[PDB]
file start_32.pdb (PDB, N, CA and C atoms)
ATOM      1  N   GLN A 103      71.230  65.950  92.292
ATOM      2  CA  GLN A 103      70.349  65.661  93.418
ATOM      3  C   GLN A 103      70.127  66.866  94.311
ATOM      4  N   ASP A 104      71.146  67.697  94.482
ATOM      5  CA  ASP A 104      71.101  68.813  95.414
ATOM      6  C   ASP A 104      70.320  69.949  94.768
ATOM      7  N   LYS A 105      69.186  70.301  95.368
ATOM      8  CA  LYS A 105      68.304  71.291  94.779
ATOM      9  C   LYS A 105      68.692  72.709  95.198
ATOM     10  N   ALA A 106      68.029  73.674  94.558
ATOM     11  CA  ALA A 106      68.371  75.093  94.582
ATOM     12  C   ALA A 106      68.500  75.671  95.982
ATOM     13  N   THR A 107      67.708  75.154  96.917
ATOM     14  CA  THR A 107      67.801  75.591  98.303
ATOM     15  C   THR A 107      69.212  75.402  98.833
ATOM     16  N   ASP A 108      69.653  74.160  98.893
ATOM     17  CA  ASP A 108      70.955  73.888  99.450
ATOM     18  C   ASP A 108      72.069  74.188  98.468
ATOM     19  N   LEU A 109      71.763  74.343  97.179
ATOM     20  CA  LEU A 109      72.725  74.989  96.298
ATOM     21  C   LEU A 109      72.989  76.407  96.762
ATOM     22  N   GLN A 110      71.957  77.077  97.267
ATOM     23  CA  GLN A 110      72.158  78.410  97.797
ATOM     24  C   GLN A 110      72.878  78.355  99.129
ATOM     25  N   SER A 111      72.699  77.274  99.882
ATOM     26  CA  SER A 111      73.494  77.134 101.097
ATOM     27  C   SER A 111      74.966  76.946 100.770
ATOM     28  N   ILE A 112      75.262  76.063  99.816
ATOM     29  CA  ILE A 112      76.619  75.942  99.311
ATOM     30  C   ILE A 112      77.122  77.308  98.887
ATOM     31  N   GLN A 113      76.286  78.055  98.170
ATOM     32  CA  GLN A 113      76.683  79.371  97.698
ATOM     33  C   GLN A 113      76.995  80.297  98.856
ATOM     34  N   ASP A 114      76.260  80.157  99.955
ATOM     35  CA  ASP A 114      76.557  80.946 101.135
ATOM     36  C   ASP A 114      77.958  80.633 101.626
ATOM     37  N   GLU A 115      78.294  79.345 101.690
ATOM     38  CA  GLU A 115      79.633  78.976 102.126
ATOM     39  C   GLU A 115      80.689  79.441 101.133
ATOM     40  N   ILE A 116      80.417  79.317  99.838
ATOM     41  CA  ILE A 116      81.417  79.692  98.849
ATOM     42  C   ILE A 116      81.659  81.185  98.903
ATOM     43  N   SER A 117      80.617  81.978  98.655
ATOM     44  CA  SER A 117      80.748  83.429  98.647
ATOM     45  C   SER A 117      81.323  83.942  99.952
ATOM     46  N   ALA A 118      81.000  83.270 101.051
ATOM     47  CA  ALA A 118      81.696  83.515 102.301
ATOM     48  C   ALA A 118      83.199  83.336 102.126
ATOM     49  N   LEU A 119      83.606  82.217 101.530
ATOM     50  CA  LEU A 119      85.028  81.965 101.337
ATOM     51  C   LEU A 119      85.640  82.918 100.322
ATOM     52  N   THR A 120      84.845  83.385  99.367
ATOM     53  CA  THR A 120      85.292  84.412  98.447
ATOM     54  C   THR A 120      85.644  85.669  99.208
ATOM     55  N   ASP A 121      84.746  86.084 100.096
ATOM     56  CA  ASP A 121      85.029  87.229 100.937
ATOM     57  C   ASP A 121      86.244  86.975 101.807
ATOM     58  N   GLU A 122      86.525  85.709 102.121
ATOM     59  CA  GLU A 122      87.740  85.414 102.864
ATOM     60  C   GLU A 122      88.978  85.606 102.006
ATOM     61  N   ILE A 123      88.955  85.153 100.752
ATOM     62  CA  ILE A 123      90.138  85.311  99.915
ATOM     63  C   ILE A 123      90.361  86.776  99.615
ATOM     64  N   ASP A 124      89.287  87.486  99.293
ATOM     65  CA  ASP A 124      89.346  88.932  99.212
ATOM     66  C   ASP A 124      89.955  89.507 100.481
ATOM     67  N   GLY A 125      89.607  88.923 101.627
ATOM     68  CA  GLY A 125      90.179  89.375 102.877
ATOM     69  C   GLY A 125      91.652  89.052 102.996
ATOM     70  N   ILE A 126      92.099  87.977 102.360
ATOM     71  CA  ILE A 126      93.524  87.684 102.376
ATOM     72  C   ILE A 126      94.245  88.695 101.510
ATOM     73  N   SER A 127      93.718  88.922 100.312
ATOM     74  CA  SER A 127      94.342  89.843  99.389
ATOM     75  C   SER A 127      94.262  91.281  99.871
ATOM     76  N   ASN A 128      93.387  91.569 100.833
ATOM     77  CA  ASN A 128      93.259  92.906 101.387
ATOM     78  C   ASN A 128      94.056  93.078 102.672
ATOM     79  N   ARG A 129      93.850  92.177 103.633
ATOM     80  CA  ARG A 129      94.474  92.300 104.943
ATOM     81  C   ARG A 129      95.991  92.264 104.855
ATOM     82  N   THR A 130      96.534  91.578 103.853
ATOM     83  CA  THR A 130      97.970  91.344 103.765
ATOM     84  C   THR A 130      98.646  92.658 103.395
ATOM     85  N   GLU A 131      98.858  93.483 104.417
ATOM     86  CA  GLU A 131      99.421  94.821 104.275
ATOM     87  C   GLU A 131     100.696  94.883 105.098
ATOM     88  N   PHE A 132     101.816  94.667 104.426
ATOM     89  CA  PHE A 132     103.120  94.708 105.065
ATOM     90  C   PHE A 132     103.606  96.145 105.102
ATOM     91  N   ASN A 133     103.831  96.670 106.301
ATOM     92  CA  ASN A 133     104.215  98.064 106.473
ATOM     93  C   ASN A 133     103.175  98.996 105.857
ATOM     94  N   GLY A 134     101.917  98.551 105.828
ATOM     95  CA  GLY A 134     100.848  99.268 105.185
ATOM     96  C   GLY A 134     100.747  99.015 103.700
ATOM     97  N   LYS A 135     101.660  98.232 103.138
ATOM     98  CA  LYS A 135     101.708  97.982 101.706
ATOM     99  C   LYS A 135     100.923  96.715 101.410
ATOM    100  N   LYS A 136      99.782  96.866 100.743
ATOM    101  CA  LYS A 136      98.963  95.708 100.433
ATOM    102  C   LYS A 136      99.690  94.866  99.403
ATOM    103  N   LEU A 137     100.428  93.876  99.902
ATOM    104  CA  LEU A 137     101.227  93.018  99.042
ATOM    105  C   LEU A 137     100.366  92.307  98.021
ATOM    106  N   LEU A 138      99.328  91.625  98.488
ATOM    107  CA  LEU A 138      98.481  90.811  97.637
ATOM    108  C   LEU A 138      97.405  91.617  96.948
ATOM    109  N   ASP A 139      97.589  92.923  96.865
ATOM    110  CA  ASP A 139      96.833  93.707  95.918
ATOM    111  C   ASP A 139      97.182  93.206  94.528
ATOM    112  N   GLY A 140      96.250  92.497  93.906
ATOM    113  CA  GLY A 140      96.505  91.911  92.609
ATOM    114  C   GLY A 140      96.571  92.893  91.464
ATOM    115  N   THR A 141      96.338  94.178  91.731
ATOM    116  CA  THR A 141      96.452  95.245  90.750
ATOM    117  C   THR A 141      97.661  96.134  90.995
ATOM    118  N   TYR A 142      98.364  95.942  92.111
ATOM    119  CA  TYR A 142      99.400  96.868  92.538
ATOM    120  C   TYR A 142     100.669  96.692  91.723
ATOM    121  N   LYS A 143     101.267  95.506  91.783
ATOM    122  CA  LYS A 143     102.364  95.164  90.896
ATOM    123  C   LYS A 143     101.863  94.338  89.734
ATOM    124  N   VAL A 144     101.130  94.947  88.814
ATOM    125  CA  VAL A 144     100.799  94.309  87.548
ATOM    126  C   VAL A 144     101.677  94.945  86.487
ATOM    127  N   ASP A 145     102.340  94.099  85.714
ATOM    128  CA  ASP A 145     103.067  94.524  84.527
ATOM    129  C   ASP A 145     102.083  94.505  83.365
ATOM    130  N   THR A 146     101.295  95.571  83.241
ATOM    131  CA  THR A 146     100.330  95.672  82.155
ATOM    132  C   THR A 146     101.078  96.038  80.877
ATOM    133  N   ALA A 147     100.323  96.476  79.869
ATOM    134  CA  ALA A 147     100.902  96.994  78.641
ATOM    135  C   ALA A 147     101.991  98.024  78.910
ATOM    136  N   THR A 148     101.778  98.913  79.881
ATOM    137  CA  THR A 148     102.803  99.849  80.316
ATOM    138  C   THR A 148     103.537  99.236  81.499
ATOM    139  N   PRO A 149     104.854  99.022  81.436
ATOM    140  CA  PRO A 149     105.540  98.444  82.602
ATOM    141  C   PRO A 149     105.497  99.318  83.835
ATOM    142  N   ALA A 150     105.441 100.640  83.664
ATOM    143  CA  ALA A 150     105.457 101.548  84.804
ATOM    144  C   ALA A 150     104.290 101.315  85.747
ATOM    145  N   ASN A 151     103.190 100.743  85.257
ATOM    146  CA  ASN A 151     102.065 100.465  86.131
ATOM    147  C   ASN A 151     102.406  99.438  87.198
ATOM    148  N   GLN A 152     103.348  98.537  86.936
ATOM    149  CA  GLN A 152     103.845  97.683  88.002
ATOM    150  C   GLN A 152     104.629  98.553  88.965
TER     151      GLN A 152
ATOM    152  N   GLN B 103     110.161  98.591  99.978
ATOM    153  CA  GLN B 103     109.257  98.334 101.092
ATOM    154  C   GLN B 103     109.023  99.560 101.952
ATOM    155  N   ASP B 104     110.042 100.390 102.124
ATOM    156  CA  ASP B 104     109.985 101.527 103.028
ATOM    157  C   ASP B 104     109.223 102.651 102.340
ATOM    158  N   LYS B 105     108.079 103.024 102.909
ATOM    159  CA  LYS B 105     107.215 104.004 102.278
ATOM    160  C   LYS B 105     107.602 105.429 102.672
ATOM    161  N   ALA B 106     106.958 106.383 101.996
ATOM    162  CA  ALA B 106     107.307 107.800 101.993
ATOM    163  C   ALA B 106     107.410 108.410 103.381
ATOM    164  N   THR B 107     106.597 107.918 104.313
ATOM    165  CA  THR B 107     106.664 108.387 105.689
ATOM    166  C   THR B 107     108.062 108.204 106.253
ATOM    167  N   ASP B 108     108.495 106.962 106.350
ATOM    168  CA  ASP B 108     109.784 106.697 106.941
ATOM    169  C   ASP B 108     110.920 106.967 105.976
ATOM    170  N   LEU B 109     110.640 107.095 104.676
ATOM    171  CA  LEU B 109     111.624 107.715 103.801
ATOM    172  C   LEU B 109     111.886 109.142 104.238
ATOM    173  N   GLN B 110     110.849 109.828 104.704
ATOM    174  CA  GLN B 110     111.046 111.172 105.208
ATOM    175  C   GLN B 110     111.739 111.145 106.554
ATOM    176  N   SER B 111     111.538 110.082 107.330
ATOM    177  CA  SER B 111     112.306 109.968 108.563
ATOM    178  C   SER B 111     113.784 109.764 108.271
ATOM    179  N   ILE B 112     114.094 108.858 107.344
ATOM    180  CA  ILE B 112     115.461 108.718 106.871
ATOM    181  C   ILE B 112     115.979 110.071 106.426
ATOM    182  N   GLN B 113     115.164 110.804 105.674
ATOM    183  CA  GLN B 113     115.578 112.108 105.178
ATOM    184  C   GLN B 113     115.871 113.058 106.322
ATOM    185  N   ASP B 114     115.113 112.948 107.408
ATOM    186  CA  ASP B 114     115.390 113.763 108.576
ATOM    187  C   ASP B 114     116.778 113.455 109.102
ATOM    188  N   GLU B 115     117.105 112.168 109.204
ATOM    189  CA  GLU B 115     118.433 111.801 109.677
ATOM    190  C   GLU B 115     119.512 112.237 108.694
ATOM    191  N   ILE B 116     119.267 112.085 107.397
ATOM    192  CA  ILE B 116     120.289 112.431 106.421
ATOM    193  C   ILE B 116     120.538 113.923 106.445
ATOM    194  N   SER B 117     119.505 114.716 106.157
ATOM    195  CA  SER B 117     119.644 116.166 106.117
ATOM    196  C   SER B 117     120.196 116.706 107.422
ATOM    197  N   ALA B 118     119.845 116.062 108.529
ATOM    198  CA  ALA B 118     120.517 116.332 109.787
ATOM    199  C   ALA B 118     122.023 116.142 109.648
ATOM    200  N   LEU B 119     122.436 115.007 109.086
ATOM    201  CA  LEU B 119     123.861 114.743 108.930
ATOM    202  C   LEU B 119     124.498 115.670 107.905
ATOM    203  N   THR B 120     123.725 116.118 106.924
ATOM    204  CA  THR B 120     124.198 117.121 105.990
ATOM    205  C   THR B 120     124.540 118.393 106.727
ATOM    206  N   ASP B 121     123.627 118.834 107.587
ATOM    207  CA  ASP B 121     123.899 119.997 108.406
ATOM    208  C   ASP B 121     125.095 119.757 109.307
ATOM    209  N   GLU B 122     125.361 118.497 109.656
ATOM    210  CA  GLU B 122     126.559 118.214 110.432
ATOM    211  C   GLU B 122     127.815 118.379 109.595
ATOM    212  N   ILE B 123     127.815 117.898 108.352
ATOM    213  CA  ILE B 123     129.017 118.029 107.535
ATOM    214  C   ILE B 123     129.254 119.485 107.205
ATOM    215  N   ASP B 124     128.191 120.194 106.846
ATOM    216  CA  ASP B 124     128.260 121.636 106.731
ATOM    217  C   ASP B 124     128.845 122.238 107.999
ATOM    218  N   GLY B 125     128.471 121.683 109.150
ATOM    219  CA  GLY B 125     129.020 122.162 110.401
ATOM    220  C   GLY B 125     130.488 121.834 110.558
ATOM    221  N   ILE B 126     130.942 120.741 109.957
ATOM    222  CA  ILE B 126     132.365 120.441 110.010
ATOM    223  C   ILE B 126     133.110 121.428 109.136
ATOM    224  N   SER B 127     132.608 121.630 107.922
ATOM    225  CA  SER B 127     133.257 122.526 106.990
ATOM    226  C   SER B 127     133.175 123.975 107.437
ATOM    227  N   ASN B 128     132.281 124.291 108.373
ATOM    228  CA  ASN B 128     132.149 125.640 108.893
ATOM    229  C   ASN B 128     132.920 125.839 110.191
ATOM    230  N   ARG B 129     132.689 124.962 111.168
ATOM    231  CA  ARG B 129     133.287 125.112 112.488
ATOM    232  C   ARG B 129     134.806 125.067 112.431
ATOM    233  N   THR B 130     135.365 124.355 111.457
ATOM    234  CA  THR B 130     136.802 124.111 111.404
ATOM    235  C   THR B 130     137.493 125.412 111.018
ATOM    236  N   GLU B 131     137.688 126.259 112.024
ATOM    237  CA  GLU B 131     138.261 127.591 111.863
ATOM    238  C   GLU B 131     139.519 127.666 112.711
ATOM    239  N   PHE B 132     140.651 127.430 112.067
ATOM    240  CA  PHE B 132     141.943 127.479 112.731
ATOM    241  C   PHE B 132     142.435 128.914 112.745
ATOM    242  N   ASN B 133     142.639 129.465 113.935
ATOM    243  CA  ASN B 133     143.027 130.860 114.084
ATOM    244  C   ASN B 133     142.005 131.783 113.425
ATOM    245  N   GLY B 134     140.746 131.344 113.380
ATOM    246  CA  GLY B 134     139.694 132.052 112.697
ATOM    247  C   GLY B 134     139.621 131.764 111.217
ATOM    248  N   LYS B 135     140.542 130.963 110.692
ATOM    249  CA  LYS B 135     140.619 130.680 109.269
ATOM    250  C   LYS B 135     139.832 129.410 108.986
ATOM    251  N   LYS B 136     138.706 129.551 108.292
ATOM    252  CA  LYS B 136     137.887 128.391 107.992
ATOM    253  C   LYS B 136     138.631 127.520 106.998
ATOM    254  N   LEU B 137     139.353 126.539 107.535
ATOM    255  CA  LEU B 137     140.165 125.656 106.713
ATOM    256  C   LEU B 137     139.321 124.926 105.690
ATOM    257  N   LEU B 138     138.269 124.261 106.152
ATOM    258  CA  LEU B 138     137.435 123.431 105.303
ATOM    259  C   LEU B 138     136.379 124.227 104.573
ATOM    260  N   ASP B 139     136.571 125.530 104.463
ATOM    261  CA  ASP B 139     135.840 126.295 103.482
ATOM    262  C   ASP B 139     136.214 125.759 102.112
ATOM    263  N   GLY B 140     135.293 125.041 101.488
ATOM    264  CA  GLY B 140     135.569 124.423 100.210
ATOM    265  C   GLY B 140     135.664 125.378  99.045
ATOM    266  N   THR B 141     135.433 126.669  99.276
ATOM    267  CA  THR B 141     135.574 127.712  98.273
ATOM    268  C   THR B 141     136.783 128.600  98.523
ATOM    269  N   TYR B 142     137.461 128.432  99.656
ATOM    270  CA  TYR B 142     138.493 129.363 100.083
ATOM    271  C   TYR B 142     139.779 129.160  99.299
ATOM    272  N   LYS B 143     140.368 127.974  99.399
ATOM    273  CA  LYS B 143     141.481 127.604  98.544
ATOM    274  C   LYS B 143     140.999 126.754  97.391
ATOM    275  N   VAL B 144     140.289 127.345  96.442
ATOM    276  CA  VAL B 144     139.980 126.681  95.184
ATOM    277  C   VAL B 144     140.884 127.285  94.128
ATOM    278  N   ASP B 145     141.558 126.418  93.389
ATOM    279  CA  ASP B 145     142.311 126.812  92.207
ATOM    280  C   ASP B 145     141.352 126.770  91.025
ATOM    281  N   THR B 146     140.572 127.837  90.860
ATOM    282  CA  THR B 146     139.630 127.917  89.752
ATOM    283  C   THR B 146     140.407 128.249  88.482
ATOM    284  N   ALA B 147     139.675 128.668  87.450
ATOM    285  CA  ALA B 147     140.281 129.154  86.221
ATOM    286  C   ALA B 147     141.371 130.183  86.488
ATOM    287  N   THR B 148     141.142 131.097  87.434
ATOM    288  CA  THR B 148     142.164 132.036  87.868
ATOM    289  C   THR B 148     142.869 131.448  89.080
ATOM    290  N   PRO B 149     144.186 131.226  89.050
ATOM    291  CA  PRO B 149     144.845 130.672  90.242
ATOM    292  C   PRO B 149     144.782 131.576  91.453
ATOM    293  N   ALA B 150     144.737 132.892  91.251
ATOM    294  CA  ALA B 150     144.734 133.827  92.368
ATOM    295  C   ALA B 150     143.547 133.622  93.293
ATOM    296  N   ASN B 151     142.454 133.046  92.793
ATOM    297  CA  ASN B 151     141.310 132.794  93.650
ATOM    298  C   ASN B 151     141.624 131.791  94.749
ATOM    299  N   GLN B 152     142.565 130.878  94.527
ATOM    300  CA  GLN B 152     143.036 130.048  95.622
ATOM    301  C   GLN B 152     143.804 130.936  96.582
TER     302      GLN B 152
END
call {"tool": "encode", "arguments": {"input": "start_32.pdb", "output": "structure tokens"}}
result
Amino acid sequence: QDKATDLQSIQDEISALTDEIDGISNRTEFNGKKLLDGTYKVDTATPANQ
Amino acid sequence: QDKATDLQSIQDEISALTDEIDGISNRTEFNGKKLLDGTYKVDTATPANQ
């Protein structure tokens, strides 16, 4: 029922909230250390990258 | 958690204390004889060096 106009309004709210989660993962800097940097402590193929 | 900045501050305190221990081993001069000279009475390969 909800047409493309207000689908885009929903999208405004969502992408807004996306920027908020990005803001959580960014702002969360303990002692300057971005804890929720999802790339910072990743145990990739090389463990040293974590 | 402690990043390189304040690791260097810790290092300032440590190396400071290193210079203090060096100062103990240096200042401790009984009758002018640096007792805590850690090279003075060493029984090396040659005993006479002690």
call {"tool": "resolve_selection", "arguments": {"input": "start_32.pdb", "expression": "the ChimeraX specification (/B :<8) & /A", "output": "PyMOL selection string"}}
result
chain A and resi 132-133+135
call {"tool": "atom_distance", "arguments": {"input": "start_32.pdb", "atom1": "atom C of residue 115 of chain B", "atom2": "atom C of residue 136 of chain B"}}
result
24.5 Å
call {"tool": "atom_distance", "arguments": {"input": "start_32.pdb", "atom1": "atom CA of residue 112 of chain B", "atom2": "atom CA of residue 142 of chain A"}}
result
24.6 Å
call {"tool": "atom_distance", "arguments": {"input": "start_32.pdb", "atom1": "atom C of residue 144 of chain A", "atom2": "atom C of residue 127 of chain A"}}
result
15.7 Å
call {"tool": "select_by_dssp", "arguments": {"input": "start_32.pdb", "residues": "chain A", "states": "helix (DSSP H, G or I)", "output": "ChimeraX atom specification"}}
result
/A:106-129,149-151
call {"tool": "write_last_selection", "arguments": {"input": "start_32.pdb", "atoms": "N, CA and C atoms", "output": "compact mmCIF listing (two decimals), in the frame of the given file"}}
result
# COMPACT_ATOMS: atom_id res chain seq x y z
N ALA A 106 68.03 73.67 94.56
CA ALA A 106 68.37 75.09 94.58
C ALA A 106 68.50 75.67 95.98
N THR A 107 67.71 75.15 96.92
CA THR A 107 67.80 75.59 98.30
C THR A 107 69.21 75.40 98.83
N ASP A 108 69.65 74.16 98.89
CA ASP A 108 70.96 73.89 99.45
C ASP A 108 72.07 74.19 98.47
N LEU A 109 71.76 74.34 97.18
CA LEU A 109 72.72 74.99 96.30
C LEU A 109 72.99 76.41 96.76
N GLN A 110 71.96 77.08 97.27
CA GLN A 110 72.16 78.41 97.80
C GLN A 110 72.88 78.36 99.13
N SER A 111 72.70 77.27 99.88
CA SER A 111 73.49 77.13 101.10
C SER A 111 74.97 76.95 100.77
N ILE A 112 75.26 76.06 99.82
CA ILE A 112 76.62 75.94 99.31
C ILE A 112 77.12 77.31 98.89
N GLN A 113 76.29 78.06 98.17
CA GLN A 113 76.68 79.37 97.70
C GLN A 113 77.00 80.30 98.86
N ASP A 114 76.26 80.16 99.96
CA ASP A 114 76.56 80.95 101.14
C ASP A 114 77.96 80.63 101.63
N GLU A 115 78.29 79.34 101.69
CA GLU A 115 79.63 78.98 102.13
C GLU A 115 80.69 79.44 101.13
N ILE A 116 80.42 79.32 99.84
CA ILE A 116 81.42 79.69 98.85
C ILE A 116 81.66 81.18 98.90
N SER A 117 80.62 81.98 98.66
CA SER A 117 80.75 83.43 98.65
C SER A 117 81.32 83.94 99.95
N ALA A 118 81.00 83.27 101.05
CA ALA A 118 81.70 83.52 102.30
C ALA A 118 83.20 83.34 102.13
N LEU A 119 83.61 82.22 101.53
CA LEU A 119 85.03 81.96 101.34
C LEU A 119 85.64 82.92 100.32
N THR A 120 84.84 83.38 99.37
CA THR A 120 85.29 84.41 98.45
C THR A 120 85.64 85.67 99.21
N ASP A 121 84.75 86.08 100.10
CA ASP A 121 85.03 87.23 100.94
C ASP A 121 86.24 86.98 101.81
N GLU A 122 86.52 85.71 102.12
CA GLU A 122 87.74 85.41 102.86
C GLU A 122 88.98 85.61 102.01
N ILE A 123 88.96 85.15 100.75
CA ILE A 123 90.14 85.31 99.92
C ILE A 123 90.36 86.78 99.62
N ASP A 124 89.29 87.49 99.29
CA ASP A 124 89.35 88.93 99.21
C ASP A 124 89.96 89.51 100.48
N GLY A 125 89.61 88.92 101.63
CA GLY A 125 90.18 89.38 102.88
C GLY A 125 91.65 89.05 103.00
N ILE A 126 92.10 87.98 102.36
CA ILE A 126 93.52 87.68 102.38
C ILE A 126 94.24 88.70 101.51
N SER A 127 93.72 88.92 100.31
CA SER A 127 94.34 89.84 99.39
C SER A 127 94.26 91.28 99.87
N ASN A 128 93.39 91.57 100.83
CA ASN A 128 93.26 92.91 101.39
C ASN A 128 94.06 93.08 102.67
N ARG A 129 93.85 92.18 103.63
CA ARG A 129 94.47 92.30 104.94
C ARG A 129 95.99 92.26 104.86
N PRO A 149 104.85 99.02 81.44
CA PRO A 149 105.54 98.44 82.60
C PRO A 149 105.50 99.32 83.84
N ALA A 150 105.44 100.64 83.66
CA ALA A 150 105.46 101.55 84.80
C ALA A 150 104.29 101.32 85.75
N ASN A 151 103.19 100.74 85.26
CA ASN A 151 102.06 100.46 86.13
C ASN A 151 102.41 99.44 87.20
call {"tool": "axis_aligned_box", "arguments": {"input": "start_32.pdb", "around": "segment 126-134 of chain A", "padding_each_side": "4 Å", "output": "lines of an AutoDock Vina configuration file"}}
result
center_x = 98.2
center_y = 93.5
center_z = 102.9
size_x = 20.1
size_y = 19.6
size_z = 15.1
